[PDB]
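A.B. asks: This one is my_file-v1.txt, compact mmCIF, N, CA and C atoms and all ligand atoms.
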```txt
# COMPACT_ATOMS: atom_id res chain seq x y z
N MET A 1 120.67 108.81 66.74
CA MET A 1 120.58 110.18 66.23
C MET A 1 121.15 111.17 67.23
N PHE A 2 122.12 111.97 66.79
CA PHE A 2 122.75 112.96 67.65
C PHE A 2 122.72 114.34 67.00
N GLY A 3 122.84 115.38 67.83
CA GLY A 3 122.82 116.74 67.32
C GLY A 3 124.19 117.38 67.33
N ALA A 4 124.50 118.12 66.28
CA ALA A 4 125.80 118.79 66.17
C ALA A 4 125.64 120.18 65.56
N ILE A 5 126.19 121.18 66.24
CA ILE A 5 126.11 122.56 65.76
C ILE A 5 127.50 123.16 65.59
N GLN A 6 127.86 123.45 64.34
CA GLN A 6 129.16 124.03 64.04
C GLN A 6 129.10 125.55 64.06
N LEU A 7 129.67 126.14 65.10
CA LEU A 7 129.68 127.60 65.25
C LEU A 7 131.09 128.15 65.03
N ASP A 8 131.18 129.47 64.88
CA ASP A 8 132.46 130.13 64.67
C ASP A 8 132.88 130.91 65.91
N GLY A 9 134.05 131.53 65.84
CA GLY A 9 134.55 132.31 66.97
C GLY A 9 133.66 133.50 67.28
N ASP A 10 132.99 134.02 66.26
CA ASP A 10 132.11 135.17 66.44
C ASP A 10 130.81 134.76 67.12
N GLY A 11 130.49 133.47 67.05
CA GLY A 11 129.28 132.97 67.66
C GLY A 11 128.15 132.82 66.66
N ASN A 12 128.50 132.60 65.40
CA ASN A 12 127.50 132.44 64.34
C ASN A 12 127.39 130.98 63.92
N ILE A 13 126.30 130.65 63.24
CA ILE A 13 126.07 129.29 62.78
C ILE A 13 126.74 129.05 61.43
N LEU A 14 127.53 127.98 61.35
CA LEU A 14 128.23 127.64 60.12
C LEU A 14 127.66 126.36 59.51
N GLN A 15 127.37 125.38 60.36
CA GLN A 15 126.82 124.11 59.91
C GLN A 15 125.82 123.56 60.92
N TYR A 16 124.61 123.26 60.46
CA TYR A 16 123.57 122.72 61.32
C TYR A 16 123.18 121.31 60.90
N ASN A 17 122.74 120.51 61.86
CA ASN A 17 122.33 119.14 61.59
C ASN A 17 120.82 119.03 61.45
N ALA A 18 120.35 117.92 60.90
CA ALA A 18 118.92 117.69 60.71
C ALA A 18 118.26 117.27 62.02
N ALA A 19 118.95 116.42 62.78
CA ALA A 19 118.43 115.94 64.05
C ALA A 19 117.99 117.10 64.94
N UNK A 20 118.91 118.01 65.21
CA UNK A 20 118.61 119.15 66.05
C UNK A 20 117.43 119.94 65.46
N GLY A 21 117.46 120.08 64.14
CA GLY A 21 116.41 120.81 63.46
C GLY A 21 115.04 120.18 63.66
N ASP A 22 115.01 118.86 63.76
CA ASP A 22 113.76 118.14 63.95
C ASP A 22 113.33 118.18 65.41
N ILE A 23 114.30 118.04 66.31
CA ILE A 23 114.02 118.06 67.74
C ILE A 23 113.60 119.46 68.20
N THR A 24 114.19 120.48 67.59
CA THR A 24 113.88 121.86 67.94
C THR A 24 112.68 122.37 67.14
N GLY A 25 112.63 122.00 65.86
CA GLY A 25 111.54 122.43 65.01
C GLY A 25 111.92 123.59 64.11
N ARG A 26 113.21 123.68 63.78
CA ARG A 26 113.70 124.75 62.93
C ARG A 26 114.61 124.20 61.83
N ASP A 27 114.52 124.80 60.64
CA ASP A 27 115.33 124.37 59.51
C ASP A 27 116.80 124.72 59.72
N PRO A 28 117.69 124.00 59.03
CA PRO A 28 119.14 124.22 59.12
C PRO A 28 119.57 125.54 58.50
N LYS A 29 119.13 125.78 57.27
CA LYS A 29 119.46 127.00 56.55
C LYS A 29 118.79 128.21 57.20
N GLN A 30 117.62 127.98 57.79
CA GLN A 30 116.87 129.05 58.44
C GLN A 30 117.66 129.62 59.62
N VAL A 31 118.44 128.77 60.28
CA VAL A 31 119.24 129.19 61.42
C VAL A 31 120.66 129.53 61.00
N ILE A 32 121.16 128.82 59.99
CA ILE A 32 122.51 129.05 59.49
C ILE A 32 122.66 130.46 58.93
N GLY A 33 123.79 131.09 59.22
CA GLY A 33 124.03 132.44 58.73
C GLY A 33 123.80 133.49 59.80
N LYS A 34 122.95 133.18 60.77
CA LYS A 34 122.65 134.10 61.86
C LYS A 34 123.21 133.59 63.18
N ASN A 35 123.05 134.38 64.23
CA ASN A 35 123.54 134.01 65.56
C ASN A 35 122.59 133.02 66.23
N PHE A 36 123.15 131.94 66.75
CA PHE A 36 122.35 130.92 67.43
C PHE A 36 122.06 131.32 68.87
N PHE A 37 122.83 132.27 69.38
CA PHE A 37 122.66 132.75 70.75
C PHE A 37 121.81 134.02 70.78
N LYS A 38 121.71 134.68 69.63
CA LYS A 38 120.93 135.91 69.52
C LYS A 38 119.62 135.66 68.77
N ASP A 39 119.71 134.92 67.67
CA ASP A 39 118.53 134.61 66.86
C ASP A 39 117.87 133.32 67.34
N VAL A 40 118.53 132.19 67.08
CA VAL A 40 118.00 130.89 67.49
C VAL A 40 117.57 130.90 68.95
N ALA A 41 118.53 131.10 69.84
CA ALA A 41 118.25 131.14 71.27
C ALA A 41 118.74 132.44 71.90
N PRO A 42 117.88 133.47 71.87
CA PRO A 42 118.21 134.78 72.43
C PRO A 42 118.29 134.76 73.95
N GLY A 43 117.52 133.88 74.57
CA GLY A 43 117.52 133.77 76.02
C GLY A 43 118.78 133.12 76.55
N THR A 44 119.30 132.15 75.81
CA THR A 44 120.51 131.45 76.21
C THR A 44 121.68 132.41 76.39
N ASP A 45 121.56 133.59 75.78
CA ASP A 45 122.61 134.60 75.87
C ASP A 45 122.86 134.99 77.32
N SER A 46 123.88 134.39 77.92
CA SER A 46 124.22 134.68 79.31
C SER A 46 125.73 134.58 79.54
N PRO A 47 126.20 135.15 80.65
CA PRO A 47 127.62 135.14 81.00
C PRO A 47 128.10 133.75 81.40
N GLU A 48 127.19 132.93 81.92
CA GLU A 48 127.52 131.58 82.34
C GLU A 48 127.69 130.66 81.13
N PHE A 49 126.90 130.91 80.09
CA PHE A 49 126.96 130.10 78.88
C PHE A 49 127.83 130.77 77.82
N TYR A 50 127.33 131.87 77.26
CA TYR A 50 128.06 132.60 76.23
C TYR A 50 129.44 133.02 76.74
N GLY A 51 129.48 133.57 77.95
CA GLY A 51 130.73 134.01 78.53
C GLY A 51 131.79 132.92 78.50
N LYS A 52 131.40 131.70 78.85
CA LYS A 52 132.32 130.57 78.86
C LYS A 52 132.79 130.24 77.45
N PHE A 53 131.87 130.29 76.49
CA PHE A 53 132.19 129.99 75.10
C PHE A 53 133.26 130.94 74.58
N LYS A 54 133.09 132.23 74.86
CA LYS A 54 134.04 133.24 74.41
C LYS A 54 135.42 132.99 75.01
N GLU A 55 135.46 132.75 76.32
CA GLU A 55 136.71 132.49 77.01
C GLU A 55 137.50 131.39 76.32
N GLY A 56 136.85 130.25 76.10
CA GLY A 56 137.51 129.13 75.44
C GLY A 56 138.02 129.49 74.06
N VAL A 57 137.25 130.30 73.34
CA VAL A 57 137.63 130.72 72.00
C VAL A 57 138.96 131.47 72.01
N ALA A 58 139.09 132.41 72.94
CA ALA A 58 140.31 133.20 73.06
C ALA A 58 141.50 132.32 73.42
N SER A 59 141.27 131.36 74.31
CA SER A 59 142.33 130.45 74.74
C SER A 59 142.72 129.50 73.62
N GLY A 60 141.74 129.12 72.80
CA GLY A 60 142.00 128.21 71.70
C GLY A 60 141.70 126.77 72.04
N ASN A 61 140.72 126.57 72.91
CA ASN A 61 140.33 125.22 73.33
C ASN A 61 139.18 125.27 74.33
N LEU A 62 137.96 125.36 73.82
CA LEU A 62 136.78 125.41 74.67
C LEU A 62 136.26 124.01 74.97
N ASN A 63 136.51 123.55 76.19
CA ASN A 63 136.06 122.22 76.61
C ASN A 63 135.09 122.32 77.78
N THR A 64 133.80 122.13 77.48
CA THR A 64 132.77 122.20 78.51
C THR A 64 131.73 121.10 78.31
N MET A 65 131.28 120.52 79.42
CA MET A 65 130.29 119.45 79.37
C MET A 65 129.29 119.58 80.52
N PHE A 66 128.05 119.89 80.19
CA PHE A 66 127.00 120.04 81.20
C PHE A 66 125.62 119.80 80.59
N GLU A 67 124.59 120.02 81.39
CA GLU A 67 123.21 119.83 80.93
C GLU A 67 122.49 121.17 80.79
N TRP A 68 121.59 121.25 79.83
CA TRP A 68 120.83 122.47 79.59
C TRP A 68 119.35 122.17 79.39
N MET A 69 118.51 123.17 79.61
CA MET A 69 117.07 123.00 79.45
C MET A 69 116.58 123.67 78.17
N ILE A 70 115.61 123.04 77.51
CA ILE A 70 115.06 123.57 76.27
C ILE A 70 113.53 123.58 76.31
N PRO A 71 112.96 124.73 76.72
CA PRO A 71 111.51 124.90 76.81
C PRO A 71 110.85 124.94 75.44
N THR A 72 109.94 124.00 75.19
CA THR A 72 109.24 123.94 73.91
C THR A 72 107.73 123.94 74.12
N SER A 73 106.98 123.90 73.02
CA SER A 73 105.53 123.91 73.08
C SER A 73 105.01 122.65 73.78
N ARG A 74 105.76 121.56 73.65
CA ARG A 74 105.38 120.30 74.27
C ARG A 74 106.01 120.15 75.65
N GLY A 75 106.35 121.28 76.26
CA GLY A 75 106.95 121.26 77.58
C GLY A 75 108.47 121.33 77.52
N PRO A 76 109.10 121.41 78.70
CA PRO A 76 110.56 121.50 78.81
C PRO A 76 111.25 120.19 78.42
N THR A 77 112.43 120.31 77.83
CA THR A 77 113.19 119.14 77.40
C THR A 77 114.64 119.22 77.86
N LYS A 78 115.01 118.35 78.79
CA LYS A 78 116.37 118.33 79.32
C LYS A 78 117.31 117.58 78.38
N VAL A 79 118.37 118.26 77.94
CA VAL A 79 119.34 117.67 77.04
C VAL A 79 120.77 117.97 77.49
N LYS A 80 121.67 117.04 77.22
CA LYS A 80 123.07 117.20 77.60
C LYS A 80 123.83 118.00 76.54
N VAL A 81 124.27 119.20 76.91
CA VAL A 81 125.01 120.05 75.99
C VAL A 81 126.51 119.93 76.21
N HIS A 82 127.26 119.84 75.12
CA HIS A 82 128.71 119.73 75.20
C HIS A 82 129.38 120.51 74.08
N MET A 83 130.24 121.45 74.45
CA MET A 83 130.95 122.28 73.48
C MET A 83 132.43 121.92 73.44
N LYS A 84 132.92 121.57 72.26
CA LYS A 84 134.33 121.20 72.09
C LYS A 84 134.92 121.88 70.86
N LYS A 85 136.09 122.48 71.02
CA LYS A 85 136.76 123.16 69.92
C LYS A 85 136.95 122.22 68.73
N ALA A 86 136.94 122.79 67.53
CA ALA A 86 137.11 122.00 66.31
C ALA A 86 138.50 121.37 66.26
N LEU A 87 138.68 120.45 65.32
CA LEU A 87 139.96 119.76 65.16
C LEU A 87 140.94 120.62 64.36
N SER A 88 140.43 121.27 63.32
CA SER A 88 141.26 122.12 62.47
C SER A 88 141.74 123.35 63.23
N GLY A 89 140.99 123.72 64.27
CA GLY A 89 141.36 124.88 65.06
C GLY A 89 140.80 126.17 64.50
N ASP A 90 139.70 126.07 63.77
CA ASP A 90 139.06 127.24 63.17
C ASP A 90 137.55 127.11 63.22
N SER A 91 137.04 126.52 64.30
CA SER A 91 135.60 126.34 64.47
C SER A 91 135.30 125.65 65.79
N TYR A 92 134.01 125.46 66.07
CA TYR A 92 133.58 124.81 67.31
C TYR A 92 132.31 123.99 67.08
N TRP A 93 132.27 122.81 67.68
CA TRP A 93 131.11 121.93 67.54
C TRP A 93 130.38 121.78 68.87
N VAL A 94 129.06 121.70 68.81
CA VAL A 94 128.24 121.55 70.01
C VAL A 94 127.37 120.30 69.94
N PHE A 95 127.67 119.32 70.78
CA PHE A 95 126.92 118.07 70.80
C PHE A 95 125.77 118.16 71.80
N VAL A 96 124.56 117.88 71.33
CA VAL A 96 123.37 117.92 72.18
C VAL A 96 122.58 116.62 72.09
N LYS A 97 122.59 115.86 73.18
CA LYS A 97 121.87 114.59 73.22
C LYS A 97 120.87 114.58 74.37
N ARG A 98 119.65 114.13 74.08
CA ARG A 98 118.60 114.06 75.09
C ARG A 98 119.00 113.14 76.23
N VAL A 99 119.13 113.71 77.43
CA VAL A 99 119.51 112.93 78.60
C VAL A 99 118.49 111.84 78.89
N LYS A 100 118.87 110.89 79.74
CA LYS A 100 117.99 109.78 80.10
C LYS A 100 116.69 110.30 80.70
N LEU A 101 115.68 109.43 80.75
CA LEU A 101 114.38 109.80 81.30
C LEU A 101 114.46 109.95 82.82
N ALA A 102 113.32 110.20 83.44
CA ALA A 102 113.25 110.36 84.89
C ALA A 102 113.85 109.15 85.60
N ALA A 103 115.07 109.31 86.11
CA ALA A 103 115.74 108.23 86.82
C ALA A 103 115.30 108.16 88.28
N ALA A 104 115.65 107.07 88.95
CA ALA A 104 115.29 106.88 90.35
C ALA A 104 116.44 107.29 91.27
N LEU A 105 117.58 106.63 91.11
CA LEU A 105 118.75 106.92 91.93
C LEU A 105 119.13 108.39 91.83
N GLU A 106 119.69 108.93 92.91
CA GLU A 106 120.10 110.32 92.94
C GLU A 106 121.12 110.62 91.85
N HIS A 107 120.86 111.66 91.07
CA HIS A 107 121.76 112.05 89.98
C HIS A 107 121.44 113.47 89.50
N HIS A 108 122.32 114.01 88.66
CA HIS A 108 122.14 115.35 88.13
C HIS A 108 121.96 116.37 89.26
N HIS A 109 122.83 116.29 90.26
CA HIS A 109 122.77 117.20 91.39
C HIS A 109 122.80 118.66 90.93
N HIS A 110 122.58 119.58 91.87
CA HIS A 110 122.59 121.00 91.55
C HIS A 110 121.62 121.31 90.42
N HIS A 111 120.47 120.64 90.43
CA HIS A 111 119.45 120.85 89.40
C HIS A 111 118.92 122.27 89.44
N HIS A 112 118.90 122.93 88.29
CA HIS A 112 118.41 124.30 88.19
C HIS A 112 116.90 124.33 87.99
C1 LIG A 201 116.41 125.79 68.35
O1 LIG A 201 117.52 125.00 68.60
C2 LIG A 201 118.13 124.85 69.81
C3 LIG A 201 117.68 125.49 70.98
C4 LIG A 201 118.33 125.31 72.22
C5 LIG A 201 117.90 125.98 73.50
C6 LIG A 201 116.85 126.80 73.77
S1 LIG A 201 115.58 127.40 72.63
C7 LIG A 201 114.87 128.29 74.01
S2 LIG A 201 113.68 129.10 73.88
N1 LIG A 201 115.54 128.14 75.24
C8 LIG A 201 116.62 127.34 75.13
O2 LIG A 201 117.33 127.09 76.09
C9 LIG A 201 119.47 124.46 72.26
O3 LIG A 201 120.12 124.27 73.45
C10 LIG A 201 121.23 123.48 73.66
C11 LIG A 201 119.91 123.82 71.09
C12 LIG A 201 119.25 124.01 69.88
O4 LIG A 201 119.70 123.39 68.77
```
Show this structure as structure tokens.

C.D. replies:
Amino acid sequence: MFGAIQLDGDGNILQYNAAXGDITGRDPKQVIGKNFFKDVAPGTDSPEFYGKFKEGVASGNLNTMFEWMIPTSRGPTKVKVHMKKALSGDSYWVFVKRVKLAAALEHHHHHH
């Protein structure tokens, strides 16, 4: 099971998946139509995240791969976020997969 969020150049939700909806606890249509950075995740709205998304949009190829934190009622949840421009060239998809559990060997440096 993987998560996929289809957003537009404006930063709105166009297509939502069920997986993400279950992991987050929000319906697809409930989030679709509104801003995922303003409505869904108002806190995520930052120059490091949103700023990067916009830049890629203007260039016509947003390629970013990193990890993000998702604070929930059951505690924080570390997931790997990846934003890649659409294939048609008129949209953007965001892949979110729950990273591995507490590993032993040194990894995920520069932990926030
Ligand atoms: C509700 O759905 C999502 C939420 C978040 C993040 C949040 S929510 C919050 S509060 N603080 C975050 O960083 C997310 O991050 C990649 C994906 C989702 O599909």

A.B. asks: Running DSSP on the backbone, which parts of chain A land in helix (DSSP H, G or I), as a ChimeraX atom specification?

C.D. replies: /A:18-24,28-31,36-40,50-59

A.B. asks: Go ahead and save the picked residues with N, CA and C atoms, as an mmCIF file, in the frame of the given file.

C.D. replies:
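Output (out_18.cif):
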```
data_model
loop_
_atom_site.group_PDB
_atom_site.id
_atom_site.type_symbol
_atom_site.label_atom_id
_atom_site.label_comp_id
_atom_site.auth_asym_id
_atom_site.auth_seq_id
_atom_site.Cartn_x
_atom_site.Cartn_y
_atom_site.Cartn_z
ATOM 1 N N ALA A 18 120.350 117.920 60.900
ATOM 2 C CA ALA A 18 118.920 117.690 60.710
ATOM 3 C C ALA A 18 118.260 117.270 62.020
ATOM 4 N N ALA A 19 118.950 116.420 62.780
ATOM 5 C CA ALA A 19 118.430 115.940 64.050
ATOM 6 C C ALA A 19 117.990 117.100 64.940
ATOM 7 N N UNK A 20 118.910 118.010 65.210
ATOM 8 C CA UNK A 20 118.610 119.150 66.050
ATOM 9 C C UNK A 20 117.430 119.940 65.460
ATOM 10 N N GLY A 21 117.460 120.080 64.140
ATOM 11 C CA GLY A 21 116.410 120.810 63.460
ATOM 12 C C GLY A 21 115.040 120.180 63.660
ATOM 13 N N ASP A 22 115.010 118.860 63.760
ATOM 14 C CA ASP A 22 113.760 118.140 63.950
ATOM 15 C C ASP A 22 113.330 118.180 65.410
ATOM 16 N N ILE A 23 114.300 118.040 66.310
ATOM 17 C CA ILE A 23 114.020 118.060 67.740
ATOM 18 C C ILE A 23 113.600 119.460 68.200
ATOM 19 N N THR A 24 114.190 120.480 67.590
ATOM 20 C CA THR A 24 113.880 121.860 67.940
ATOM 21 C C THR A 24 112.680 122.370 67.140
ATOM 22 N N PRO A 28 117.690 124.000 59.030
ATOM 23 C CA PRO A 28 119.140 124.220 59.120
ATOM 24 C C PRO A 28 119.570 125.540 58.500
ATOM 25 N N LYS A 29 119.130 125.780 57.270
ATOM 26 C CA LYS A 29 119.460 127.000 56.550
ATOM 27 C C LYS A 29 118.790 128.210 57.200
ATOM 28 N N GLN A 30 117.620 127.980 57.790
ATOM 29 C CA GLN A 30 116.870 129.050 58.440
ATOM 30 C C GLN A 30 117.660 129.620 59.620
ATOM 31 N N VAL A 31 118.440 128.770 60.280
ATOM 32 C CA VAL A 31 119.240 129.190 61.420
ATOM 33 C C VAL A 31 120.660 129.530 61.000
ATOM 34 N N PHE A 36 123.150 131.940 66.750
ATOM 35 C CA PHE A 36 122.350 130.920 67.430
ATOM 36 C C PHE A 36 122.060 131.320 68.870
ATOM 37 N N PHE A 37 122.830 132.270 69.380
ATOM 38 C CA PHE A 37 122.660 132.750 70.750
ATOM 39 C C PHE A 37 121.810 134.020 70.780
ATOM 40 N N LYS A 38 121.710 134.680 69.630
ATOM 41 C CA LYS A 38 120.930 135.910 69.520
ATOM 42 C C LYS A 38 119.620 135.660 68.770
ATOM 43 N N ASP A 39 119.710 134.920 67.670
ATOM 44 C CA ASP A 39 118.530 134.610 66.860
ATOM 45 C C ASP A 39 117.870 133.320 67.340
ATOM 46 N N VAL A 40 118.530 132.190 67.080
ATOM 47 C CA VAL A 40 118.000 130.890 67.490
ATOM 48 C C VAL A 40 117.570 130.900 68.950
ATOM 49 N N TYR A 50 127.330 131.870 77.260
ATOM 50 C CA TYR A 50 128.060 132.600 76.230
ATOM 51 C C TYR A 50 129.440 133.020 76.740
ATOM 52 N N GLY A 51 129.480 133.570 77.950
ATOM 53 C CA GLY A 51 130.730 134.010 78.530
ATOM 54 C C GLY A 51 131.790 132.920 78.500
ATOM 55 N N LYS A 52 131.400 131.700 78.850
ATOM 56 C CA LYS A 52 132.320 130.570 78.860
ATOM 57 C C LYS A 52 132.790 130.240 77.450
ATOM 58 N N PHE A 53 131.870 130.290 76.490
ATOM 59 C CA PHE A 53 132.190 129.990 75.100
ATOM 60 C C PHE A 53 133.260 130.940 74.580
ATOM 61 N N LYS A 54 133.090 132.230 74.860
ATOM 62 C CA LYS A 54 134.040 133.240 74.410
ATOM 63 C C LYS A 54 135.420 132.990 75.010
ATOM 64 N N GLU A 55 135.460 132.750 76.320
ATOM 65 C CA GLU A 55 136.710 132.490 77.010
ATOM 66 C C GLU A 55 137.500 131.390 76.320
ATOM 67 N N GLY A 56 136.850 130.250 76.100
ATOM 68 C CA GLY A 56 137.510 129.130 75.440
ATOM 69 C C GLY A 56 138.020 129.490 74.060
ATOM 70 N N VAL A 57 137.250 130.300 73.340
ATOM 71 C CA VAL A 57 137.630 130.720 72.000
ATOM 72 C C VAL A 57 138.960 131.470 72.010
ATOM 73 N N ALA A 58 139.090 132.410 72.940
ATOM 74 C CA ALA A 58 140.310 133.200 73.060
ATOM 75 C C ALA A 58 141.500 132.320 73.420
ATOM 76 N N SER A 59 141.270 131.360 74.310
ATOM 77 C CA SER A 59 142.330 130.450 74.740
ATOM 78 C C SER A 59 142.720 129.500 73.620
#
```

A.B. asks: Enumerate, in order of chain and increasing residue number, the residues of chain A with an atom no farther than 10 Å from ligand LIG 201 (chain A), each with its shortest atom pair and distance in Å to one decimal, counting only C-alpha atoms and all ligand atoms, as JSON lines.

C.D. replies:
```
{"residue": "A:3", "atom": "CA", "partner": "A:LIG201", "partner_atom": "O4", "distance": 7.5}
{"residue": "A:4", "atom": "CA", "partner": "A:LIG201", "partner_atom": "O4", "distance": 8.1}
{"residue": "A:5", "atom": "CA", "partner": "A:LIG201", "partner_atom": "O4", "distance": 7.1}
{"residue": "A:16", "atom": "CA", "partner": "A:LIG201", "partner_atom": "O4", "distance": 8.4}
{"residue": "A:17", "atom": "CA", "partner": "A:LIG201", "partner_atom": "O4", "distance": 8.7}
{"residue": "A:18", "atom": "CA", "partner": "A:LIG201", "partner_atom": "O4", "distance": 9.9}
{"residue": "A:19", "atom": "CA", "partner": "A:LIG201", "partner_atom": "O4", "distance": 8.9}
{"residue": "A:20", "atom": "CA", "partner": "A:LIG201", "partner_atom": "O4", "distance": 5.2}
{"residue": "A:21", "atom": "CA", "partner": "A:LIG201", "partner_atom": "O1", "distance": 6.7}
{"residue": "A:22", "atom": "CA", "partner": "A:LIG201", "partner_atom": "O1", "distance": 9.1}
{"residue": "A:23", "atom": "CA", "partner": "A:LIG201", "partner_atom": "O1", "distance": 7.8}
{"residue": "A:24", "atom": "CA", "partner": "A:LIG201", "partner_atom": "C1", "distance": 4.7}
{"residue": "A:25", "atom": "CA", "partner": "A:LIG201", "partner_atom": "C1", "distance": 6.8}
{"residue": "A:26", "atom": "CA", "partner": "A:LIG201", "partner_atom": "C1", "distance": 6.1}
{"residue": "A:27", "atom": "CA", "partner": "A:LIG201", "partner_atom": "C1", "distance": 9.0}
{"residue": "A:28", "atom": "CA", "partner": "A:LIG201", "partner_atom": "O1", "distance": 9.6}
{"residue": "A:31", "atom": "CA", "partner": "A:LIG201", "partner_atom": "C1", "distance": 8.2}
{"residue": "A:36", "atom": "CA", "partner": "A:LIG201", "partner_atom": "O1", "distance": 7.7}
{"residue": "A:37", "atom": "CA", "partner": "A:LIG201", "partner_atom": "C5", "distance": 8.7}
{"residue": "A:39", "atom": "CA", "partner": "A:LIG201", "partner_atom": "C1", "distance": 9.2}
{"residue": "A:40", "atom": "CA", "partner": "A:LIG201", "partner_atom": "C1", "distance": 5.4}
{"residue": "A:41", "atom": "CA", "partner": "A:LIG201", "partner_atom": "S1", "distance": 4.8}
{"residue": "A:42", "atom": "CA", "partner": "A:LIG201", "partner_atom": "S2", "distance": 7.4}
{"residue": "A:43", "atom": "CA", "partner": "A:LIG201", "partner_atom": "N1", "distance": 6.0}
{"residue": "A:44", "atom": "CA", "partner": "A:LIG201", "partner_atom": "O2", "distance": 5.4}
{"residue": "A:45", "atom": "CA", "partner": "A:LIG201", "partner_atom": "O2", "distance": 9.2}
{"residue": "A:67", "atom": "CA", "partner": "A:LIG201", "partner_atom": "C10", "distance": 8.4}
{"residue": "A:68", "atom": "CA", "partner": "A:LIG201", "partner_atom": "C10", "distance": 6.0}
{"residue": "A:69", "atom": "CA", "partner": "A:LIG201", "partner_atom": "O2", "distance": 5.3}
{"residue": "A:70", "atom": "CA", "partner": "A:LIG201", "partner_atom": "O2", "distance": 4.2}
{"residue": "A:71", "atom": "CA", "partner": "A:LIG201", "partner_atom": "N1", "distance": 5.4}
{"residue": "A:72", "atom": "CA", "partner": "A:LIG201", "partner_atom": "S2", "distance": 6.8}
{"residue": "A:73", "atom": "CA", "partner": "A:LIG201", "partner_atom": "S2", "distance": 9.7}
{"residue": "A:76", "atom": "CA", "partner": "A:LIG201", "partner_atom": "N1", "distance": 9.0}
{"residue": "A:77", "atom": "CA", "partner": "A:LIG201", "partner_atom": "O2", "distance": 9.1}
{"residue": "A:78", "atom": "CA", "partner": "A:LIG201", "partner_atom": "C10", "distance": 9.1}
{"residue": "A:79", "atom": "CA", "partner": "A:LIG201", "partner_atom": "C10", "distance": 7.0}
{"residue": "A:80", "atom": "CA", "partner": "A:LIG201", "partner_atom": "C10", "distance": 7.6}
{"residue": "A:81", "atom": "CA", "partner": "A:LIG201", "partner_atom": "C10", "distance": 5.6}
{"residue": "A:82", "atom": "CA", "partner": "A:LIG201", "partner_atom": "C10", "distance": 8.5}
{"residue": "A:83", "atom": "CA", "partner": "A:LIG201", "partner_atom": "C10", "distance": 9.8}
{"residue": "A:94", "atom": "CA", "partner": "A:LIG201", "partner_atom": "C10", "distance": 8.1}
{"residue": "A:95", "atom": "CA", "partner": "A:LIG201", "partner_atom": "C10", "distance": 8.4}
{"residue": "A:96", "atom": "CA", "partner": "A:LIG201", "partner_atom": "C10", "distance": 6.1}
{"residue": "A:97", "atom": "CA", "partner": "A:LIG201", "partner_atom": "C10", "distance": 8.9}
{"residue": "A:98", "atom": "CA", "partner": "A:LIG201", "partner_atom": "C10", "distance": 9.9}
```

A.B. asks: What lies within 6 Å of residue 92 in chain A using all atoms listed in the file, ignoring chain neighbours under 2 positions off, as a list in words?

C.D. replies: residues 5, 6, 7, 8, 84, 85, 86, 90 and 94 of chain A

A.B. asks: Could you give me the residues within range 8-73 of chain A that DSSP places in strand (DSSP E or B), as an NGL selection string?

C.D. replies: :A and (12-16 or 35 or 63-72)

A.B. asks: Would you mind reading off the distance between atom N of residue 59 in chain A and atom N of residue 9 in chain A, one decimal, in Å?

C.D. replies: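 Result for atom N of residue 59 in chain A versus atom N of residue 9 in chain A: 11.1 Å, one decimal.
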
A.B. asks: Check the smallest atom-to-atom distance from each of A:57, A:35, A:107, A:75 to residue 89 in chain A using only C-alpha atoms, then report the winner.

C.D. replies: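 Of A:57, A:35, A:107, A:75, the one nearest residue 89 in chain A, counting only C-alpha atoms, is A:57.
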
A.B. asks: For a test of reading the model, state the distance in Å between CA of residue 52 in chain A and atom N of residue 93 in chain A, rounded to one decimal.

C.D. replies: 13.6 Å

A.B. asks: Quick one, how far is atom C of residue 11 in chain A from CA of residue 30 in chain A?

C.D. replies: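 Going from atom C of residue 11 in chain A over to CA of residue 30 in chain A covers 14.5 Å.
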
A.B. asks: Listed atoms of range 91-94 of chain A, axis-aligned box, 6 Å per side: centre and edge lengths to one decimal in Å, as JSON?

C.D. replies:
```
{"center_x": 132.2, "center_y": 123.4, "center_z": 67.2, "size_x": 21.7, "size_y": 18.2, "size_z": 17.7}
```
